[PDB]
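Before any comments, here is the structure.
Cβ placement follows ideal geometry from the backbone for every residue including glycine, while neighbour counts extend to all protein chains displayed. Since every read-out is calculated from the coordinates, none of them should be taken as a lab result.
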Amino acid sequence: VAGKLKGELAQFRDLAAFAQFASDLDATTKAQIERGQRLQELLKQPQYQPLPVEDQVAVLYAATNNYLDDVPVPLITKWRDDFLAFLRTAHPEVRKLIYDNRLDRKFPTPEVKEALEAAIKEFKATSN
Amino acid sequence: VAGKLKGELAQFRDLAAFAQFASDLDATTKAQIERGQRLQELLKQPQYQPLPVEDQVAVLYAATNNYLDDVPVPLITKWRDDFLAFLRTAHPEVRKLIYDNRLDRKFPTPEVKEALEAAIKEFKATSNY
Amino acid sequence: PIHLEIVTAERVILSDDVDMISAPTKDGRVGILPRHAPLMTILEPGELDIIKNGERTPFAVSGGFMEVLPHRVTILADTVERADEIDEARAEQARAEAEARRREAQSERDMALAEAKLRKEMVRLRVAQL
Amino acid sequence: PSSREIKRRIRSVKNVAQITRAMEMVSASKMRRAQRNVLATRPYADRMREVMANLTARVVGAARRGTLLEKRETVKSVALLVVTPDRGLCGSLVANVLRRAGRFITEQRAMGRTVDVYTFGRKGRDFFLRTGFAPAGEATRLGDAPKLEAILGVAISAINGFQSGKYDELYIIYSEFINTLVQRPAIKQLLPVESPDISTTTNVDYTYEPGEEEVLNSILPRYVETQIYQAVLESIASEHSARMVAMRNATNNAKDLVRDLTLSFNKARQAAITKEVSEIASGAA
């Protein structure tokens, strides 16, 4: 999952030069910088709040698969916290499934791919 | 001969920051930048290829006067290399004439002047660039 | 013997002394001479004539106005052309206007002007550690 | 502060001064031609200026003072023209004209009249889009020496709306060229009421061959186009002067930064070499 995260974040750092001064960039660059901001803000973890592997994997899967594009940057942290609450209460089984098969060569198993994107859509319908 | 070379190189260095904006500049500024670029390309030299004093004198005389202006910048080095062969083969006498009177107080001279002018004109007419 | 002035929104075409004017007036062509009675009129797409000692230069006027006074005759023609440059076939001015102009006057400037803005912008973040 | 990082800072800022040095003179070169174009266009505007004065004196009847010259009563909707440089780095000129337009808009909305804006240049276009008040007409990518045809795409729409009753008055905001150092925004009426400050020159009468109404209806659209053409051309000259001033200030600021960085680099190297001899002397003993 995190290869796309690292590539997009590095690209966003590259395009920060255009972000600072130029405001005439086309829509693709605007969305590129927006996604970079999404990721870098998502990295704004608070103190004394560790996250297990399944939680971080699910959050990064949601972010990288454009499920978080519509969420504005200031509310992304609250969105993530609510998503963790949703996973801890509504669907602990998807967390258990993700943690169980995190060592597989191809993580995005269709069984893993389902019940997670569906959970993301359910959370999106629930909040905003 | 090289006083004009040094002056033109200094002037081009004064305008070196305008090389990539030479198009939208003064005509004289563009001419100076072009001359400086041609001179720097001329001063480019390969390894283990020494040039005798008379040959350098001829090359600098050709460069200072408006002769290499028609020659494009990327081909200045090849122009010089071919002109050296032309002098070495077509006109062996002009090189000796330059070398013989290199110590004369008046460098330009009338004879050597016409000999070198004729050699340069013949080379530029026979060659295409 | 009347001061003629052909002025256009971009520049002044001609400002010499003229013998006769064959102006294309809206209702019908009129002649204008050294001491003509006062007049100011609309023009129509047509072909104005200027007589220089028996020589006629077709300063075709795409259109505009013309104020005639007993002293001078200014041409307010909004748009005027010339049958010069091989009846505009050579269009030497337009030829340059196509290459010498509209190619290097702004397009060369715009790419260079934008290019400077680039190496300006990128260096500031490269020096954004001071 | 490592005697080498400052060296990179010195090199970078020295580059900035060189770039801005090029920026300062290229705008000045375009400043010269913009002023030259203004002078060339002046006779066209000036010659027809008294023609309005001559024509407005002749026509006095309110009913026949129709079309554009109608001084409409109970003002409802006014369209205003803003002209802005296509690119940035102009300085306070862009802010001043936008602030002037913003003040004018607020004043009219206080009067109860709705407003509209037609923009020249991208800077004005995006500013109003971000404000949320979308301009009805825009004209960007204007050249350094644009022609009258370029502004026809906006002027014709403004006049047609004025004739149709959509707009009852029309204004322009342009960067007035006061001097090479001062470029203040200006507001001008475009409703063709009259221009007799020239005292209608000789105020000589004429025989209107197409007629009073026909001449009036064919000169008013041309008059406002010339006024817009002059204002846009004046803005272009004012833009280059403002950019020239900003670059000259930036170059001096860059040069001041180089000297400030040079002293720090100089102090760091002495501090480094003072250390460099320090331990080796201590190691020797």
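How well do other chains shield peptide C:100-110, expressed as the mean number of their Cβ atoms within 10 Å of each residue Cβ? Please report the intermediate quantities before stating the final value.
On the way: counts 0, 1, 2, 0, 2, 5, 8, 1, 3, 8, 5.
Partner Cβ neighbours, averaged per residue: 3.
Taking only Cα atoms, what is the 0 to 90° angle, nearest 10, from helix D:92-110's long axis to the longest principal axis of chain D?
Once rounded, the angle reads 40 degrees.
Only four residue types carry charge here, +1 at the Cβ of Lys and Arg and -1 at the Cβ of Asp and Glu. Report the dipole size of the range C:1-59 about the Cα centre in Debye, rounded to the nearest 20. It would help to have the intermediate numbers written out before the result.
On the way: 6 positive and 10 negative charges, 24 e Å.
For the range C:1-59, the charge dipole is close to 120 debye.
For chain C, what is the mean residue ellipticity at 222 nm derived from helices alone (per DSSP H run of n ≥ 4: -39500 (n - 2.57); sum divided by total residues; nearest 500 deg cm²/dmol)? Kindly include the intermediate steps, with their values, before the conclusion.
Working: 3 runs with 31 residues, N = 130.
Roughly -7000 deg cm²/dmol at 222 nm, from the helical runs in chain C.
What shape does the protein assembly as shown have by the C-alpha gyration tensor, where a ≥ b ≥ c are the square roots of the eigenvalues, rounded means a/c under 1.5, and otherwise prolate means a/b greater than b/c and oblate the rest? Please report the intermediate quantities before stating the final value.
Numbers: a/c = 2.41, a/b = 1.12, b/c = 2.15.
It is oblate, given that a/c is not under 1.5 and a/b is not larger than b/c.
Using amide H atoms built 1.01 Å from N in the peptide plane, name the residues 5+ places from C:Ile2, or on other chains, whose amide H lies under 5 Å from its own.
Correct list: C:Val18.
Put +1 on the Cβ of every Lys and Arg and -1 on every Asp and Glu Cβ in the range D:1-157; which of D:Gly102, D:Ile10, D:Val75 then has its Cα farthest towards the positive end of the dipole?
Positive-end residue among those listed: D:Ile10.
Give a residue-ordered list of calculated ³J(HN,Hα) values for the range C:74-80 (Karplus: 6.51 cos²θ - 1.76 cosθ + 1.60, θ = phi - 60°; whole Hz; x for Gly, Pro).
7, 9, 7, 2, 4, 9, 9
What does the average come to when, for each residue of peptide C:117-130, you count the partner chain Cβ atoms lying within 10 Å of its Cβ? Before the final figure, lay out the partial values.
On the way: counts 7, 4, 4, 9, 5, 3, 6, 5, 8, 4, 8, 4, 4, 8.
Mean partner shielding for this stretch: 6.
Given a cut-off of 29 Å, name the pairs among D:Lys71/D:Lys123; A:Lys78/A:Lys113; C:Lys120/D:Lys30; B:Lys4/D:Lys30; C:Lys26/D:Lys166; B:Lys30/D:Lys255 whose C-alpha atoms lie farther apart than that in the structure shown. Before the final figure, lay out each step's value.
Working: D:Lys71/D:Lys123 32 Å; A:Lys78/A:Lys113 24 Å; C:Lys120/D:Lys30 20 Å; B:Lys4/D:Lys30 32 Å; C:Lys26/D:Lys166 31 Å; B:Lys30/D:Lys255 26 Å.
In this structure, D:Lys71/D:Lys123; B:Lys4/D:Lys30; C:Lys26/D:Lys166 lie more than 29 Å apart at Cα.
Residue by residue through C:20-30, how many Cβ atoms from other chains fall within 10 Å of the Cβ on average? Before the final figure, lay out the partial values.
Details: counts 0, 0, 0, 1, 0, 2, 7, 3, 1, 0, 1.
Across the residues of C:20-30, the mean count of other-chain Cβ atoms within 10 Å is 1.
Over the Cα atoms of the range B:1-128, what radius of gyration and what Dmax do you get, in Å?
My reading of the Cα-based Rg and Dmax gives 15.3, 46 Å.
If the cut-off is a Cα-Cα distance under 21 Å, which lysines reach D:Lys275, setting aside same-chain residues fewer than 8 apart in sequence?
Filter leaves D:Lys7, D:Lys267.
Taking Cα atoms, how many degrees apart are the long axis of helix B:27-43 and the longest axis of chain B, rounded to 10 and kept between 0 and 90?
50
Could you run the Debye sum over the Cα atoms of the range D:26-169, one equal point scatterer each and no solvent, and tell me log10 of I(q)/I(0) at q = 0.08, 0.09, 0.12, 0.13 Å⁻¹, two decimals?
Listed by q, the Debye log ratios stand at -0.29, -0.37, -0.65, -0.76.
At a threshold of 8 angstrom on Cα-Cα distance, excluding pairs fewer than six apart, so keeping six or more, what relative contact order does the range C:16-86 reach in percent? Don't skip to the answer; put the middle values down first.
On the way: 162 pairs, mean separation 19.5, N = 71.
Over the range C:16-86, the number comes to 27 percent.
Sorting check: for A:104-111, D:171-178, D:247-254, which peptide has the highest mean count of neighbouring beta carbons within 10 Å, and how do the rest follow? Write out the running numbers ahead of the final one.
Details: A:104-111: 9.5, D:171-178: 22.0, D:247-254: 17.2.
Packing order, densest peptide first, comes out as D:171-178, D:247-254, A:104-111.
With angles folded into 0 to 90 degrees, how steeply does helix C:107-126 sit against the dominant principal axis of chain C? Use alpha carbons for both and round to 10.
In chain C, helix C:107-126 runs at an angle near 20 degrees to the longest axis.
How much length would be gained if the chain were fully extended between D:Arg58 and D:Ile280, taking 0.36 nm per residue of separation minus their Cα-Cα distance, in nm to one decimal? Don't skip to the end; give the middle numbers.
Numbers: separation 222, 0.36 × 222 = 79.92 nm, distance 9.87 nm.
Residue separation times 0.36 nm, minus the Cα-Cα distance, leaves 70.0 nm.
Within the range A:23-115, which chymotrypsin sites (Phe, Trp or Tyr not before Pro) sit in a loop by DSSP and count at most 14 neighbouring Cβ atoms inside 10 Å?
Numbers: sites: A:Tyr48, A:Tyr61, A:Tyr67, A:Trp79, A:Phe83, A:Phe86, A:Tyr99; in loops: A:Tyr48, A:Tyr67.
Within the range A:23-115, the qualifying chymotrypsin sites (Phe, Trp or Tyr not before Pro) (loop, at most 14 other Cβ atoms within 10 Å) are A:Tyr48.
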